[PDB]
Amino acid sequence: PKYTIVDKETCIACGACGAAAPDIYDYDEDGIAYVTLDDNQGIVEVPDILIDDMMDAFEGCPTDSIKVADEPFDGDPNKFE
Ligand code: SF4
């Protein structure tokens, strides 16, 4: 499976990821992206049909703030660093 999460500390509120994958990423009041599937906890598996959109958003993020993994993040966007 695949899991995703936003490191909100490095996000620059550019708007690209919600356009590339609107069913996965949205923005808080401050314009900072988060994963709507699981309230940015990195615990809900991304549906198979959405993986291509997720990878588009991941590759397109200017500051490498979107994370992807094959194992849950359990709330920590920096788990795999
Ligand atoms: S693409 Fe990256 S920097 Fe831009 S809003 Fe999404 S997470 Fe933030």
# chains A, B, ... in the order shown; residues from 1 in each chain; ligands from 1

$ residues_around --residues "stretch 5-18 of chain A" --least-positions-apart "3" --cutoff "6 Å" --atoms "only C-alpha atoms" --output "PyMOL selection string"
chain A and resi 21-22+25-26+31-32+34-35+40+42+57+65-67+77

$ closest_residue --among "A:61, A:44, A:37, A:19" --to "ligand 1" --atoms "only C-alpha atoms and all ligand atoms"
A:61

$ residues_around --residues "residue A:52" --least-positions-apart "3" --cutoff "12 Å" --atoms "only C-alpha atoms" --output "MDAnalysis selection string"
chainID A and resid 2 20:21 23:24 46:49 55:59

$ closest_residue --among "A:64, A:30, A:74, A:38" --to "ligand 1" --atoms "only C-alpha atoms and all ligand atoms"
A:64

$ closest_residue --among "A:45, A:81, A:39, A:29" --to "residue A:3" --atoms "only C-alpha atoms"
A:45

$ closest_residue --among "A:69, A:28, A:79, A:33" --to "residue A:51" --atoms "only C-alpha atoms"
A:69

$ atom_distance --atom1 "atom CA of residue A:41" --atom2 "atom CA of residue A:63"
19.4 Å

$ closest_residue --among "A:43, A:50, A:62, A:1" --to "ligand 1" --atoms "only C-alpha atoms and all ligand atoms"
A:62

$ atom_distance --atom1 "atom CA of residue A:54" --atom2 "atom 3 (S, counted along the ligand's line) of ligand 1"
13.9 Å

$ atom_distance --atom1 "atom CA of residue A:60" --atom2 "atom 2 (Fe, counted along the ligand's line) of ligand 1"
7.4 Å

$ select_by_dssp --residues "chain A" --states "strand (DSSP E or B)" --output "list in words"
residues 3, 4, 5, 6, 25, 26, 27, 33, 34, 35, 66, 67, 68 and 69 of chain A

$ select_by_dssp --residues "chain A" --states "helix (DSSP H, G or I)" --output "number ranges by chain"
A: 16-20, 48-60

$ decode --residues "stretch 63-77 of chain A" --atoms "N, CA, C and O atoms" --output "tab-separated table (two decimals), in the first residue's frame"
chain	number	residue	atom	x	y	z
A	63	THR	N	9.02	22.16	-2.51
A	63	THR	CA	9.83	22.09	-1.29
A	63	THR	C	9.87	20.70	-0.68
A	63	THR	O	10.24	20.53	0.48
A	64	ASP	N	9.48	19.70	-1.44
A	64	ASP	CA	9.58	18.31	-0.98
A	64	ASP	C	8.84	18.09	0.34
A	64	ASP	O	9.25	17.30	1.18
A	65	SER	N	7.72	18.78	0.51
A	65	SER	CA	6.92	18.72	1.73
A	65	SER	C	5.92	17.57	1.75
A	65	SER	O	5.55	17.12	2.83
A	66	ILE	N	5.56	17.04	0.60
A	66	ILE	CA	4.70	15.86	0.54
A	66	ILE	C	5.57	14.64	0.66
A	66	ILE	O	6.57	14.49	-0.05
A	67	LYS	N	5.20	13.74	1.55
A	67	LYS	CA	5.92	12.50	1.78
A	67	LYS	C	5.04	11.35	1.33
A	67	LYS	O	3.81	11.42	1.43
A	68	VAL	N	5.67	10.30	0.83
A	68	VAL	CA	5.04	9.05	0.40
A	68	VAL	C	5.82	7.90	1.00
A	68	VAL	O	7.06	7.94	1.03
A	69	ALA	N	5.13	6.85	1.41
A	69	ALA	CA	5.80	5.66	1.95
A	69	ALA	C	4.90	4.46	1.75
A	69	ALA	O	3.69	4.58	1.49
A	70	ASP	N	5.49	3.27	1.92
A	70	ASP	CA	4.77	2.01	1.86
A	70	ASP	C	4.36	1.51	3.24
A	70	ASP	O	3.83	0.40	3.35
A	71	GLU	N	4.56	2.33	4.28
A	71	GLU	CA	4.31	2.02	5.69
A	71	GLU	C	3.74	3.28	6.32
A	71	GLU	O	4.16	4.39	5.97
A	72	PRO	N	2.78	3.17	7.25
A	72	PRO	CA	2.19	4.38	7.82
A	72	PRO	C	3.20	5.29	8.50
A	72	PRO	O	4.25	4.87	8.99
A	73	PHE	N	2.82	6.56	8.56
A	73	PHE	CA	3.63	7.56	9.23
A	73	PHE	C	3.26	7.72	10.70
A	73	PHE	O	4.05	8.31	11.45
A	74	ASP	N	2.07	7.29	11.10
A	74	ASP	CA	1.62	7.39	12.49
A	74	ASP	C	1.82	8.80	13.04
A	74	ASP	O	2.30	8.99	14.17
A	75	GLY	N	1.42	9.79	12.25
A	75	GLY	CA	1.40	11.19	12.63
A	75	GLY	C	2.69	11.96	12.46
A	75	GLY	O	2.70	13.17	12.67
A	76	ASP	N	3.78	11.31	12.07
A	76	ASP	CA	5.10	11.95	12.00
A	76	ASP	C	5.53	12.07	10.55
A	76	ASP	O	5.96	11.07	9.95
A	77	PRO	N	5.47	13.27	9.96
A	77	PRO	CA	5.88	13.42	8.55
A	77	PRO	C	7.35	13.15	8.34
A	77	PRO	O	7.76	12.91	7.20
